[PDB]
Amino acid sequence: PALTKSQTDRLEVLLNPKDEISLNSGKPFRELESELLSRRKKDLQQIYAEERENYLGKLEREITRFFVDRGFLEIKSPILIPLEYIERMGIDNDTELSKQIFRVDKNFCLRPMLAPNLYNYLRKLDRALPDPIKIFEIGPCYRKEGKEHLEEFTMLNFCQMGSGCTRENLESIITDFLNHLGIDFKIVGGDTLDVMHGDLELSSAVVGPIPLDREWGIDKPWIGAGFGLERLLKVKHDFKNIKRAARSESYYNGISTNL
């Protein structure tokens, strides 16, 4: 008896990349299932006995160390933000991204991006800190939305404002960062550059200034980029589905919790 599509879906939940196992081998479902459950339980037991770190938390800590060591100030800003910030980002009620916003009250929303809060920090810190101003944030962002898109994800955004805000310097920070993480990439590109892993977008990056700056009281050169942490994990651990890298009750470090 061939496996049913339902059975195949069930085994794929339990399959980790590099199991080196085939599902067209003439072994019954119940036995293939039992083998995989066994391995996945062992994977959790090993994490529990040895490291005990969540991949998303650990990646955040590794990224944080990278940027702190390179001169960037760690920011932790509100996740719940004024709706007015979305309009001031130039996102009108007719825009597709406007339909993607999770509204909370009359006046607030879950941030879909880190830029508005970072804009405010750039303007404020420019009164206190020497040139250039270098900051970053890592945290939750939200968009109503795929095997590449989550509704609840985690962004890194870094930026620099003042001197040294060139395309060359932006590409160099991106290059050092991803070679540090061990992630293969290419950069394709007032500029806008995309950092790609094959067909998967890891980042959009920007060389300012841009006209939007003035709405935020910013009038200096700047560079920046945003990376999705779940996308980075997906590539690093070779997950077939990005849900394996997300905040979840169904997966822990890419291992099914439904055992």
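Each residue number is its position in the shown sequence, starting from 1.
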Exercise. Deposited residues absent from the coordinates between residue 145 and residue 146, none, 1 to 3, 4 to 9, or 10 or more?
Worked result: 1 to 3
For this session: Could you bin the unmodelled part of the deposited chain lying between residue 189 and residue 190 as none, 1 to 3, 4 to 9, or 10 or more?
Result: 4 to 9
Exercise. Quick one: higher average CA temperature factor, 247-255 or 11-19?
Worked result: 11-19
Exercise. What stretch has the higher average Cα B-factor here, 174-182 or 95-103?
Worked result: 95-103
Exercise. According to the deposited entry, which of 112, 139, 71, 90 has the largest Cα B-factor?
Worked result: 90
Exercise. Out of 65, 234, 214, 40, which one has a C-alpha B factor higher than all the others in the entry?
Worked result: 214
Exercise. Against its chain's modelled residues, does residue 221's Cα B factor rank lowest, middle or highest third?
Worked result: middle
For this session: Just say lowest, middle or highest third for the CA B-factor of residue 84 relative to the other modelled residues in its chain.
Result: highest
Exercise. Of the three thirds of its chain by CA temperature factor, lowest, middle or highest, which one includes residue 30?
Worked result: highest
Exercise. Considering only modelled residues of the same chain, in which third does the CA B-factor of residue 76 rank: lowest, middle or highest?
Worked result: lowest
Problem set entry | Chain-wide C-alpha B factor ranking for residue 59, given as lowest, middle or highest third | lowest
